[PDB]
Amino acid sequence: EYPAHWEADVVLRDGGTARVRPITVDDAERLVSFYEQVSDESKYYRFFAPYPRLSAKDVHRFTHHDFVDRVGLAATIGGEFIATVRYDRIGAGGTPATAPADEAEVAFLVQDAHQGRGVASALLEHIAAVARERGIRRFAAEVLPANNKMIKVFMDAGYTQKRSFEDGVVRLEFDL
């Protein structure tokens, strides 16, 4: 259960629309179908290891949210998912947390056919707007250094690179 106004239409850079809405427990089929149309390369960049098909654990977690500490949204075109975005509230220790912990890790995945259309940009804006309503004050994104296109998406969304203290990962942060 979630506020109805978390559902919105977006107009993409080419004037097409997509509906941005929360991911629900009834969306599992849709999520798996969408995932089939994401490249292996995009999956590797999203998960930091090859992951051609989601596990049952992950289909569950990516479709079951409290909508307070974890929020997942989809962009849909003609009812099919084309992208997803999400936040997970985390504690000082990088583990899951509840308020008044106020940082979250943000992640997104776009079907390669819908790249270049401003989908990520629109989802980043929408997940920030939702997150502000749940008390989040900072997002952190973690991106592989090979994945320069997405670094650029984040920077263009107002994120700044920060020291990651970790090998093999670029950290980008955004104050909400």
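Numbers follow the displayed sequence, beginning with 1.
S.K.: For the C-alpha atoms alone, is the average B factor greater in 69-77 or in 99-107, going by the entry?
M.R.: Higher mean C-alpha B-factor in the PDB entry: 99-107.
S.K.: Read off the CA B-factors in the entry, average them over 49-57 and over 122-130, and name the higher stretch.
M.R.: Between 122-130 and 49-57, it is 49-57 that shows the higher mean C-alpha B-factor.
S.K.: Compared with the other modelled residues in the chain, in which third is the CA B-factor of residue 38?
M.R.: Middle third of the chain for residue 38's C-alpha B-factor.
S.K.: With respect to C-alpha B-factor, does residue 138 fall in the lowest, middle or highest third of the chain as deposited?
M.R.: Middle third - that is where residue 138 ends up once the chain's C-alpha B-factors are sorted.
S.K.: Please place residue 22 in the lowest, middle or highest third of its chain by C-alpha B factor as given in the entry.
M.R.: It belongs to the lowest third of the chain when residues are ordered by C-alpha B-factor.
S.K.: Just say lowest, middle or highest third for the CA B-factor of residue 146 relative to the other modelled residues in its chain.
M.R.: Tercile = highest for this residue's CA B-factor.
S.K.: Could you say whether, by C-alpha temperature factor, residue 90 belongs to the lowest, middle or highest third of its chain?
M.R.: For residue 90, whose C-alpha B-factor we compare with every modelled residue in the chain, the answer is the middle third.
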